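J.:
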Amino acid sequence: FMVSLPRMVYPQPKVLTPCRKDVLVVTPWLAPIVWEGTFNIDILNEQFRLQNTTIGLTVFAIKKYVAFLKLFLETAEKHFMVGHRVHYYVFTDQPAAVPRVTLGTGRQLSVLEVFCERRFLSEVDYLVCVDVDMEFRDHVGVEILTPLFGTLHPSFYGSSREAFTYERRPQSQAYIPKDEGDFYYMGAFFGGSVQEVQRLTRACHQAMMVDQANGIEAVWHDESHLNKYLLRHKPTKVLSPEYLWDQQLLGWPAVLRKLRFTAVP
Ligand SMILES: OC[C@H]1O[C@@H](O[C@H]2[C@H](O)[C@@H](O)[C@@H](O)O[C@@H]2CO)[C@H](O)[C@@H](O)[C@H]1O
Ligand SMILES: [Cl-]
Ligand SMILES: [Hg+2]
Ligand SMILES: [Hg+2]
Ligand SMILES: [Hg+2]
Ligand SMILES: [Hg+2]
Ligand SMILES: [Hg+2]
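Reading the sequence shown from the start, the letters are residues 62 to 175, 195 to 345 in PDB author numbering.
#1: Which one of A343, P345, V335 and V344 has the shortest CA to CA distance from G98?
#2: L310 and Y265 look like a contact to me (Cβ under 8 Å); what is the Cβ gap, rounded to whole Å?
#3: If we ignore side chains and look at the alpha-carbon of each, how far apart do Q328 and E203 end up?
#4: Per DSSP, what are the beta-bridge partners of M214 in this structure?
#5: Taking C-alpha atoms, which residue in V70, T115, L207 and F341 lies nearest to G167?
#6: Using the DSSP secondary-structure output, state which residues sit across from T119 in a beta bridge.
#7: Would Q253 be called buried (16 or more neighbouring beta carbons within 10 Å of its own) or exposed?
#8: Within the continuous alpha helix (DSSP H) that includes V274, where are the two ends?
#9: If you drop the 5 nearest sequence neighbours on each side, which residues of the same chain put their C-beta closer than 7 Å to that of residue 186?
#10: Going by the CB atoms, is the gap between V277 and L232 shorter than 9 Å?
#11: Please report the straight-line C-alpha distance between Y255 and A243, rounded to a whole angstrom.
#12: Please go through the same chain and pick out, in chain order, the residues whose beta-carbon is closer than 7 Å to the beta-carbon of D218, but skip the five residues on each side of it.
#13: With distances taken Cα to Cα, identify the nearest neighbour of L170 among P160, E197 and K124.
#14: Regarding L225 and ligand 5, is the C-beta to nearest heavy atom distance less than 8 Å?
#15: Quick one, which of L130, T245, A137 and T88 has its alpha-carbon nearest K308's?
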């Protein structure tokens, strides 16, 4: 049951005026591709707040990677789902090394040493899975929430499918031939409902175990399998490279109005 939105004043959408004329904003299976300018964050914030949405953000910080936690968490506090309920899950081998970061109200952090994944189902509505050696530089909000989403890898968004670095050996479960494929998604940023995210990770785990039993390891490991999964189970939203960038390596192209989540130099 979705409650009614309140009266809101905002620019009327124009039917005969395309959103963005420089990029594809919807996939062939009718999934929005999220770019700046395609969404009114005020309307979306209302919709999700009225649902008392809770977002779980998971990160794995092992060994030297624990050093990236402070900047990651501090910037997430400034740009990630601000205004909504957020639960951070930090999986690490050094629980005592997790920095004490000051959190805004309605936000919490759980340190799990490497639990019952069934806990996710009762604690959050959506799960966002990212790499820790990153920092938020701009808004990353509810516009990304949907049953299942993948993010366009910043190095291949303009590449043809034959150039995608998919696993090309038919002996692997992550195999994708040259005439197949929509996009090349990066394994560093994906998510969706708890149910869909667990289905994806469960599928990846089983496929990788099958490859190991067969004596093969996909070219890009988990990412190869992520791409195979998203090819056969189309994501309900696709995030543009605005959500996963590396300015040192790729600069700042005009097509990117905002650089929201970037690699740390
Ligand atoms: O091809 C998948 C891997 O891409 C790596 O990024 C590379 C990119 O592939 C290459 O074409 C060039 O742009 O340099 C990039 C940075 O080394 C990722 O680092 C790796 O995780 C895979 O996604
Ligand atoms: Cl992840
Ligand atoms: Hg628009
Ligand atoms: Hg369990
Ligand atoms: Hg996750
Ligand atoms: Hg996996
Ligand atoms: Hg995966």
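Even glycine gets a Cβ: it sits at the ideal position worked out from N, Cα and C.
T.: Judging by the given coordinates:
#1: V335
#2: 5 Å
#3: 37 Å
#4: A343
#5: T115
#6: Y150 and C209
#7: buried
#8: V274 to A293
#9: It's not possible to place residue 186 here, given that the chain moves directly from 175 to 195.
#10: no
#11: 14 Å
#12: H140, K338, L339 and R340
#13: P160
#14: no
#15: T245
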